[PDB]
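Chain residues, written in single-letter form:
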Amino acid sequence: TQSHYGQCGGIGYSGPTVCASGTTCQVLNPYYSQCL
C-alpha cells in the first residue's frame with residue numbers, strides 16, 4: 001500500500017501501488033505517479 005502524496009507508480013518505481021483509501025493514483029509523468 002501507499003499513503004497520501006505517496007509515489008504509487010512511475011517508471012523506475014518498484015513498490016506497491018494501492019493508494020490508501022480516500023486517495024487515488026495520479027500519474028504525474030512517465031516517471032512519477034503520486035497518490036492524491
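Residues numbered from 1 in each chain as written, not as in the entry; some residues may be left out. Heavy atoms only, no water.

## A closer look at the overall build of the chain
Per the secondary structure count, the chain includes zero helices and three strands. The N-to-C order of helical and strand elements in the chain reads β-β-β. Oriented by its inertia axes, the alpha-carbon framework of the chain measures out at about 25 × 15 × 10 Å. Relative to its full complement of 36 residues, the chain shows a buried share of 22%. Residue pairs at least 24 apart in sequence account for 32% of intrachain contacts in the chain once pairs closer than 6 positions are excluded. A total of about 2400 Å² of accessible surface is found on the chain, and carbon and sulfur atoms cover 58% of it. (Helix = DSSP H or I, 4+ residues; strand = E, 2+ residues; numbered from the N terminus. Buried < 20%, exposed > 50% of the residue type's maximum accessible area, 1.4 Å probe, protein only. Contact = heavy atoms within 4.5 Å. Areas by Shrake-Rupley, 256 points an atom, 1.4 Å probe, with all protein chains shown as cover.)

## Here's the deal with the UniProt feature "disulfide bond" in the chain
In this model the UniProt disulfide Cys8-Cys25 is closed, its S-S distance of 2.0 Å falling under 2.5 Å. Linking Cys8 in strand β1 (residues 7-9) with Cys25 in strand β2 (residues 25-29), this pair joins segments that are 17 residues apart in sequence. Its relative accessible area of 2% is what places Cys8 among the buried residues. (Disulfide = S-S within 2.5 Å. UniProt positions renumbered as here; feature names shortened; annotations may be inferred.)

## As for the pairing of β2
Here is the key point about a regular strand: its side chains alternate between the two faces of the sheet. For β2 and strand β3 (residues 32-35), the ladder comprises four bridges, and the chain directions are antiparallel. From the neighbouring strand, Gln26 faces β3, where its bridge partner is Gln34. Counting the residues in the hairpin turn of β2 and β3 gives two residues. (Pairing = 2+ DSSP bridges.)

## What about the side chain of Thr23?
You can see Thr23 is positioned in the loop between β1 and β2. Separated by 2.4 Å, the side chain of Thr23 and the backbone oxygen of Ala20 make a polar contact. (Polar contact = N/O pair within 3.5 Å; in protein donor to acceptor, adjacent residues only side chain to side chain.)

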